Peer 1: 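Dumping the structure here so I can ask a few things about it.
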Amino acid sequence: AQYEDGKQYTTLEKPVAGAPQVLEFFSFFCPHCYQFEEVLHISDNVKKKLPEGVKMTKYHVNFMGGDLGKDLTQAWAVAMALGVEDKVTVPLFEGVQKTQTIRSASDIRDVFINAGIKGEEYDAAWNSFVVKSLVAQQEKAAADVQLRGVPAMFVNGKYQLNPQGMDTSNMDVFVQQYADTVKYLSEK
Ligand SMILES: c1cc(-c2ccc(CNC3CCCCC3)cc2)cs1
């Protein structure tokens with residue numbers, strides 16, 4: 001077939017009931033994730049190829065970056081709780097990988113302050129049980145699939161995108177193949 005298990009996608013030997021329709025995992029330490037955000041715009045190009053109103057979910061992971069990796073998962077929980085993901089994603093990626101100015105939880109907080117989140121609101125969220133629950137939710141989603149590596153995308157709790165099997169000579173051809181694969185998997 002044109003789409004084959006092992007080529008554009010793989011199939012989970014233990015499928016995950018109840019998972020979000022489109023679920024992405026990333027780390028602010030991950031070099032491909034940086035490109036998926038700033039240069040390839042993978043999430044938006046997938047969204048535009050799926051029907052209106054489909055749920056897409058994006059979670060951070062702990063396994064890169066030690067202490068700061070876990071701090072970034074908690075900050076991503078804050079960003080989700082406050083609905084400011086679009087305001088902090090690029091400065092967090094650049095602070096971790098480009099300028100390397102993010103070395104502590106305090107440096108992470110500065111990114112939110114610079115983006116216009118008030119300090120009192122950041123701190124209240126950071127320490128809230130709503131955020132502790134969002135951290136647990138991110139861990140649980142990743143654990144369900146013994147998540148190996150990022151960037152990872154899962155479709156309907158059943159299929160995992162395989163970007164290693166896609167074109168790499170042209171950025172836009174790769175993005176197109178990736179998004180068309182998501183569409184194909186969503187229609188299975
Ligand atoms: C987990 C994810 C990956 C991966 C492998 C390949 C890609 C596509 N990157 C290229 C780089 C730029 C030109 C076209 C696409 C993106 C991610 C390897 S391991």
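The first residue in the sequence is number 1, and the count goes up from there. Note that ligands are numbered from 1 as they come in the structure, with each ligand's atoms numbered from 1 the same way. Note that these values count all heavy atoms, side chains included, but never hydrogens, waters or copies made by symmetry.
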Peer 1: Holding to side-chain contact (heavy atoms from CB on, under 4.5 Å), I want the full list of residues that pass it with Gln74, two or more places apart in sequence or in another chain.
Peer 2: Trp126, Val131, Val135
Peer 1: Any donor-acceptor pair under 3.5 Å linking the side-chain atoms of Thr11 with those of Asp5?
Peer 2: yes
Peer 1: Of all residues at least two apart in sequence or in a different chain, which pass the side-chain contact (heavy atoms from CB on, under 4.5 Å) check with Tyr184?
Peer 2: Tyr3, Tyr9, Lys188
Peer 1: List the protein residues in contact with ligand 1, where contact means a heavy-atom separation under 4.0 angstrom.
Peer 2: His32, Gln35, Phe36, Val150, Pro151, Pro163, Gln164, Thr168, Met171, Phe174
Peer 1: Do the two ring centres, one from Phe28 and one from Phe26, sit under 6.0 Å apart?
Peer 2: yes
Peer 1: Find out if a path of hydrophobic residues (ILVMFWY) with successive side-chain heavy-atom gaps under 4.5 Å connects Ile113 to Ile108.
Peer 2: no
Peer 1: Applying salt bridge (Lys or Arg N to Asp or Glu O under 4.0 Å), can you list everything that pairs with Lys98, at least two apart in sequence or on another chain?
Peer 2: none
